[PDB]
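S.K.: Structure below; questions to follow.
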Amino acid sequence: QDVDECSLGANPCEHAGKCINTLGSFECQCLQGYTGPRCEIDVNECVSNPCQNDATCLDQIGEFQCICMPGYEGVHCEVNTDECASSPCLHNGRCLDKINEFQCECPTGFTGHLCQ
């Protein structure tokens, strides 16, 4: 037989995820960015993306938010505003927000051509 251990009293999805019943074992989907052994646990992405040491990490449902100061920004909220305004590059040209200047690089994840 098979029981819904996800409907019994063992809900890994916690408070954000899908809980299904499987043969022998139970299945649970992940919500956004969840962890777990089978994808039924919620991890703290604010542990690997605390925005550095200048932003309050706030682990949320399959998502997190770091509150920085109303002066800097970025992934680490350490980049003093952008300065690639003087370099569009166009096409795929992607300027990088560096704490000094801008780096006009060529992406790919988006572009569907080749990008030399």
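By order of appearance in the structure tokens: chains A, B, ..., then residues from 1 within every chain, and ligands from 1 in the order shown.
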Run DSSP on the backbone and grab whatever in chain A lands in alpha helix (DSSP H); send it over as an MDAnalysis selection string.
M.R.: chainID A and resid 5:8
S.K.: Now that the selection is made, can you save its residues with N, CA and C atoms as a PDB file, in the first residue's frame?
M.R.:
ATOM      1  N   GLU A   5       2.169  10.350   3.750  1.00  0.00           N
ATOM      2  CA  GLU A   5       2.955  10.820   4.876  1.00  0.00           C
ATOM      3  C   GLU A   5       3.044  12.347   4.862  1.00  0.00           C
ATOM      4  N   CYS A   6       2.702  12.917   3.715  1.00  0.00           N
ATOM      5  CA  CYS A   6       2.737  14.361   3.557  1.00  0.00           C
ATOM      6  C   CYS A   6       1.408  14.933   4.054  1.00  0.00           C
ATOM      7  N   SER A   7       0.435  14.044   4.198  1.00  0.00           N
ATOM      8  CA  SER A   7      -0.881  14.445   4.664  1.00  0.00           C
ATOM      9  C   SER A   7      -1.126  13.904   6.073  1.00  0.00           C
ATOM     10  N   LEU A   8      -0.217  13.043   6.508  1.00  0.00           N
ATOM     11  CA  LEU A   8      -0.321  12.447   7.829  1.00  0.00           C
ATOM     12  C   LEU A   8       0.030  13.496   8.886  1.00  0.00           C
TER      13      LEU A   8
END
S.K.: Nearest residue to residue A:30 out of A:3, A:47, A:99, A:61, using only C-alpha atoms?
M.R.: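 Smallest distance to residue A:30 is found for A:61.
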S.K.: For residue A:68, which of A:19, A:51, A:84, A:43 is the closest residue, counting only C-alpha atoms?
M.R.: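 Among A:19, A:51, A:84, A:43, it is A:51 that comes nearest to residue A:68.
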S.K.: Please provide as a short mmCIF file (atom, residue, chain, number, x, y, z; two decimals) with N, CA, C and O atoms, in the first residue's frame all residues within 12 Å of residue A:73, with the sequence filter that same-chain residues fewer than 5 positions apart are discarded (counting only C-alpha atoms).
M.R.:
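Contents of result.cif, freshly written:
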data_model
loop_
_atom_site.label_atom_id
_atom_site.label_comp_id
_atom_site.auth_asym_id
_atom_site.auth_seq_id
_atom_site.Cartn_x
_atom_site.Cartn_y
_atom_site.Cartn_z
N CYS A 51 24.11 39.50 1.34
CA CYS A 51 24.36 40.81 0.76
C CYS A 51 25.64 41.37 1.38
O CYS A 51 25.87 42.58 1.36
N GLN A 52 26.45 40.46 1.92
CA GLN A 52 27.70 40.85 2.54
C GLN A 52 27.47 41.21 4.01
O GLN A 52 26.62 40.63 4.68
N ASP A 54 26.70 44.37 5.01
CA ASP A 54 26.14 45.71 4.92
C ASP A 54 24.69 45.63 4.44
O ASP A 54 24.24 46.47 3.66
N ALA A 55 24.00 44.61 4.93
CA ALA A 55 22.61 44.41 4.57
C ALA A 55 22.00 43.34 5.48
O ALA A 55 22.60 42.30 5.71
N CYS A 66 17.65 41.55 1.32
CA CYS A 66 18.68 42.18 2.13
C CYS A 66 18.46 43.70 2.09
O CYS A 66 18.47 44.30 1.02
N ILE A 67 18.27 44.26 3.28
CA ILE A 67 18.05 45.70 3.39
C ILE A 67 19.39 46.40 3.61
O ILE A 67 20.04 46.19 4.63
N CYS A 68 19.76 47.22 2.64
CA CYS A 68 21.01 47.96 2.71
C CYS A 68 20.69 49.43 2.96
O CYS A 68 19.53 49.79 3.18
N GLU A 78 27.23 46.87 -2.00
CA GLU A 78 28.51 47.49 -1.72
C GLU A 78 28.97 48.33 -2.91
O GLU A 78 30.02 48.97 -2.86
N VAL A 79 28.15 48.32 -3.95
CA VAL A 79 28.45 49.07 -5.16
C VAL A 79 27.83 50.46 -5.05
O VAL A 79 26.61 50.60 -4.97
N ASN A 80 28.70 51.47 -5.05
CA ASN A 80 28.24 52.85 -4.95
C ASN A 80 27.57 53.25 -6.26
O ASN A 80 28.23 53.74 -7.18
N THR A 81 26.26 53.03 -6.31
CA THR A 81 25.49 53.37 -7.50
C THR A 81 26.17 52.82 -8.75
O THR A 81 27.26 52.26 -8.67
N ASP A 82 25.51 53.01 -9.88
CA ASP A 82 26.04 52.55 -11.15
C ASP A 82 26.77 53.70 -11.84
O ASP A 82 26.54 54.87 -11.53
N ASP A 97 28.50 46.33 -12.29
CA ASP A 97 28.54 47.33 -11.23
C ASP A 97 29.70 47.02 -10.29
O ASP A 97 29.59 46.14 -9.43
N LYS A 98 30.78 47.75 -10.48
CA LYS A 98 31.97 47.57 -9.66
C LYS A 98 32.16 48.80 -8.76
O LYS A 98 31.72 49.89 -9.11
N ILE A 99 32.82 48.57 -7.64
CA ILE A 99 33.08 49.65 -6.69
C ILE A 99 34.30 50.44 -7.16
O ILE A 99 35.32 50.49 -6.47
#
S.K.: Of the residues A:83, A:21, A:4, A:16, which is the one nearest to residue A:35, using only C-alpha atoms?
M.R.: A:16
S.K.: Can you measure atom CA of residue A:109 to atom CA of residue A:96 for me? One decimal in Å is fine.
M.R.: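 The value is 15.0 Å.
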S.K.: Write down as a tab-separated table (two decimals) with N, CA, C and O atoms, in the first residue's frame the residues of chain A whose backbone DSSP state falls under strand (DSSP E or B).
M.R.:
chain	number	residue	atom	x	y	z
A	17	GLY	N	5.26	24.96	-0.18
A	17	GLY	CA	5.65	23.85	-1.03
A	17	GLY	C	4.46	22.92	-1.29
A	17	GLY	O	3.40	23.08	-0.69
A	18	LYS	N	4.68	21.96	-2.18
A	18	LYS	CA	3.65	21.01	-2.53
A	18	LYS	C	3.94	19.67	-1.84
A	18	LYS	O	5.08	19.22	-1.81
A	19	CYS	N	2.88	19.08	-1.30
A	19	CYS	CA	3.01	17.80	-0.61
A	19	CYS	C	2.14	16.78	-1.33
A	19	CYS	O	0.92	16.93	-1.39
A	20	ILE	N	2.80	15.76	-1.86
A	20	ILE	CA	2.10	14.70	-2.58
A	20	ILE	C	2.40	13.36	-1.93
A	20	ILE	O	3.30	13.26	-1.09
A	21	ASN	N	1.65	12.35	-2.33
A	21	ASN	CA	1.83	11.01	-1.80
A	21	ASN	C	2.46	10.12	-2.87
A	21	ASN	O	2.04	10.14	-4.02
A	26	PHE	N	6.67	9.48	0.46
A	26	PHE	CA	5.88	10.64	0.09
A	26	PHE	C	6.72	11.64	-0.71
A	26	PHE	O	7.93	11.74	-0.52
A	27	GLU	N	6.04	12.36	-1.60
A	27	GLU	CA	6.71	13.34	-2.43
A	27	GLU	C	6.21	14.75	-2.09
A	27	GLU	O	5.03	14.94	-1.80
A	28	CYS	N	7.14	15.69	-2.14
A	28	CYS	CA	6.81	17.08	-1.84
A	28	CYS	C	7.64	17.98	-2.76
A	28	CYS	O	8.86	17.84	-2.83
A	29	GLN	N	6.94	18.87	-3.44
A	29	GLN	CA	7.60	19.80	-4.35
A	29	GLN	C	8.20	20.97	-3.58
A	29	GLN	O	7.81	21.24	-2.44
A	30	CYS	N	9.14	21.64	-4.22
A	30	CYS	CA	9.80	22.78	-3.61
A	30	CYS	C	9.06	24.05	-4.04
A	30	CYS	O	8.41	24.07	-5.08
A	35	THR	N	15.06	23.68	-0.30
A	35	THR	CA	16.08	22.66	-0.21
A	35	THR	C	15.44	21.28	-0.03
A	35	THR	O	14.58	20.88	-0.81
A	41	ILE	N	12.27	20.89	1.65
A	41	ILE	CA	12.79	21.65	2.77
A	41	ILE	C	13.10	23.08	2.31
A	41	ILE	O	13.48	23.30	1.16
A	56	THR	N	20.80	43.64	5.97
A	56	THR	CA	20.10	42.72	6.84
A	56	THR	C	19.46	41.59	6.04
A	56	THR	O	18.49	41.82	5.30
A	57	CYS	N	20.01	40.40	6.19
A	57	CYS	CA	19.50	39.24	5.48
A	57	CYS	C	18.14	38.87	6.08
A	57	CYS	O	17.99	38.82	7.30
A	58	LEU	N	17.19	38.61	5.20
A	58	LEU	CA	15.85	38.24	5.62
A	58	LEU	C	15.38	37.03	4.81
A	58	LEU	O	14.86	37.19	3.71
A	59	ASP	N	15.57	35.86	5.39
A	59	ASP	CA	15.17	34.62	4.73
A	59	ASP	C	13.64	34.59	4.61
A	59	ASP	O	12.94	34.74	5.61
A	60	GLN	N	13.18	34.40	3.38
A	60	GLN	CA	11.76	34.35	3.12
A	60	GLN	C	11.40	33.05	2.41
A	60	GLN	O	12.24	32.16	2.26
A	63	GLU	N	12.68	32.66	-1.10
A	63	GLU	CA	13.21	33.96	-1.49
A	63	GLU	C	13.74	34.70	-0.26
A	63	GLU	O	13.35	34.40	0.87
A	64	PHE	N	14.63	35.65	-0.51
A	64	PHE	CA	15.22	36.43	0.56
A	64	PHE	C	15.40	37.89	0.14
A	64	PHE	O	15.41	38.20	-1.06
A	65	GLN	N	15.55	38.75	1.13
A	65	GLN	CA	15.73	40.17	0.88
A	65	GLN	C	16.74	40.76	1.86
A	65	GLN	O	16.68	40.49	3.06
A	66	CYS	N	17.65	41.55	1.32
A	66	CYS	CA	18.68	42.18	2.13
A	66	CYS	C	18.46	43.70	2.09
A	66	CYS	O	18.47	44.30	1.02
A	67	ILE	N	18.27	44.26	3.28
A	67	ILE	CA	18.05	45.70	3.39
A	67	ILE	C	19.39	46.40	3.61
A	67	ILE	O	20.04	46.19	4.63
A	73	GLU	N	24.04	49.84	-3.52
A	73	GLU	CA	23.17	48.79	-4.01
A	73	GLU	C	24.00	47.65	-4.62
A	73	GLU	O	25.23	47.71	-4.62
A	79	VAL	N	28.15	48.32	-3.95
A	79	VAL	CA	28.45	49.07	-5.16
A	79	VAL	C	27.83	50.46	-5.05
A	79	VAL	O	26.61	50.60	-4.97
A	94	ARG	N	26.75	43.94	-21.35
A	94	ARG	CA	26.26	44.07	-19.99
A	94	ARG	C	27.33	44.70	-19.10
A	94	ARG	O	28.40	44.12	-18.89
A	95	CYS	N	27.01	45.88	-18.59
A	95	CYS	CA	27.93	46.60	-17.73
A	95	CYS	C	27.87	45.97	-16.33
A	95	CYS	O	26.80	45.58	-15.87
A	96	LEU	N	29.04	45.89	-15.71
A	96	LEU	CA	29.13	45.31	-14.38
A	96	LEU	C	29.29	46.43	-13.35
A	96	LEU	O	30.10	47.34	-13.53
A	97	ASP	N	28.50	46.33	-12.29
A	97	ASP	CA	28.54	47.33	-11.23
A	97	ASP	C	29.70	47.02	-10.29
A	97	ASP	O	29.59	46.14	-9.43
A	102	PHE	N	32.72	50.67	-14.24
A	102	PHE	CA	31.81	49.72	-14.86
A	102	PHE	C	32.55	48.79	-15.83
A	102	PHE	O	33.49	49.21	-16.50
A	103	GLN	N	32.09	47.55	-15.87
A	103	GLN	CA	32.70	46.56	-16.75
A	103	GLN	C	31.70	46.11	-17.82
A	103	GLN	O	30.73	45.42	-17.51
A	104	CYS	N	31.97	46.53	-19.05
A	104	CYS	CA	31.11	46.18	-20.16
A	104	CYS	C	31.48	44.77	-20.64
A	104	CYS	O	32.43	44.60	-21.40
A	105	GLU	N	30.72	43.80	-20.16
A	105	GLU	CA	30.96	42.41	-20.53
A	105	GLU	C	29.87	41.93	-21.50
A	105	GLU	O	28.89	42.62	-21.73
S.K.: Mind pulling up the distance from atom CA of residue A:44 to atom CA of residue A:12?
M.R.: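 Answer for the atom CA of residue A:12 to atom CA of residue A:44 separation: 14.8 Å.
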S.K.: With only C-alpha atoms as the counted atoms, please give the residues lying no more than 12 Å from residue A:108, apart from itself and same-chain residues fewer than 3 positions off, as a PyMOL selection string.
M.R.: chain A and resi 91-94+105+111-116
S.K.: Please produce an output containing N, CA and C atoms for each residue in the selection, written as an mmCIF file, in the first residue's frame.
M.R.:
data_model
loop_
_atom_site.group_PDB
_atom_site.id
_atom_site.type_symbol
_atom_site.label_atom_id
_atom_site.label_comp_id
_atom_site.auth_asym_id
_atom_site.auth_seq_id
_atom_site.Cartn_x
_atom_site.Cartn_y
_atom_site.Cartn_z
ATOM 1 N N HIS A 91 23.104 45.754 -27.593
ATOM 2 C CA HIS A 91 23.087 44.335 -27.908
ATOM 3 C C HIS A 91 23.018 43.522 -26.613
ATOM 4 N N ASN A 92 24.114 42.838 -26.323
ATOM 5 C CA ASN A 92 24.189 42.021 -25.124
ATOM 6 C C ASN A 92 25.078 42.719 -24.092
ATOM 7 N N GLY A 93 25.900 43.633 -24.588
ATOM 8 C CA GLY A 93 26.803 44.376 -23.725
ATOM 9 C C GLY A 93 26.177 44.607 -22.348
ATOM 10 N N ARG A 94 26.751 43.943 -21.354
ATOM 11 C CA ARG A 94 26.263 44.066 -19.991
ATOM 12 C C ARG A 94 27.331 44.700 -19.099
ATOM 13 N N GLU A 105 30.717 43.801 -20.165
ATOM 14 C CA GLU A 105 30.956 42.414 -20.531
ATOM 15 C C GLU A 105 29.873 41.927 -21.498
ATOM 16 N N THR A 111 21.141 36.364 -24.377
ATOM 17 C CA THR A 111 21.387 36.328 -25.809
ATOM 18 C C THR A 111 21.277 34.895 -26.335
ATOM 19 N N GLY A 112 20.671 34.774 -27.505
ATOM 20 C CA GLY A 112 20.494 33.472 -28.125
ATOM 21 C C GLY A 112 21.147 33.431 -29.509
ATOM 22 N N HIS A 113 22.304 34.069 -29.603
ATOM 23 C CA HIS A 113 23.034 34.113 -30.857
ATOM 24 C C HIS A 113 24.363 33.367 -30.704
ATOM 25 N N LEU A 114 25.321 34.051 -30.095
ATOM 26 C CA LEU A 114 26.634 33.468 -29.880
ATOM 27 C C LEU A 114 27.456 34.393 -28.980
ATOM 28 N N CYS A 115 27.448 35.669 -29.333
ATOM 29 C CA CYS A 115 28.187 36.661 -28.569
ATOM 30 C C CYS A 115 29.678 36.334 -28.667
ATOM 31 N N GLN A 116 30.343 37.021 -29.584
ATOM 32 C CA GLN A 116 31.766 36.814 -29.790
ATOM 33 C C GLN A 116 32.566 37.463 -28.657
#
S.K.: Rank A:107, A:62, A:50, A:88 by their smallest atom-to-atom distance to residue A:13, using only C-alpha atoms, and report the top residue only.
M.R.: A:62
S.K.: Please list as a PyMOL selection string every residue within 7 Å of residue A:2, counting only C-alpha atoms and excluding residues in the same chain fewer than 6 positions away.
M.R.: chain A and resi 22-24
S.K.: Suppose we keep N, CA, C and O atoms; can you now write the selection as a PDB file, in the first residue's frame?
M.R.:
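Writing done, so here's again_21.pdb:
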ATOM      1  N   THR A  22       3.454   9.355  -2.445  1.00  0.00           N
ATOM      2  CA  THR A  22       4.146   8.458  -3.354  1.00  0.00           C
ATOM      3  C   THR A  22       4.128   7.028  -2.809  1.00  0.00           C
ATOM      4  O   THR A  22       3.858   6.815  -1.627  1.00  0.00           O
ATOM      5  N   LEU A  23       4.414   6.087  -3.695  1.00  0.00           N
ATOM      6  CA  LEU A  23       4.432   4.683  -3.317  1.00  0.00           C
ATOM      7  C   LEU A  23       5.656   4.413  -2.438  1.00  0.00           C
ATOM      8  O   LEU A  23       6.787   4.661  -2.851  1.00  0.00           O
ATOM      9  N   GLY A  24       5.386   3.908  -1.244  1.00  0.00           N
ATOM     10  CA  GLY A  24       6.450   3.601  -0.303  1.00  0.00           C
ATOM     11  C   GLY A  24       6.878   4.851   0.467  1.00  0.00           C
ATOM     12  O   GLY A  24       7.055   4.805   1.683  1.00  0.00           O
TER      13      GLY A  24
END
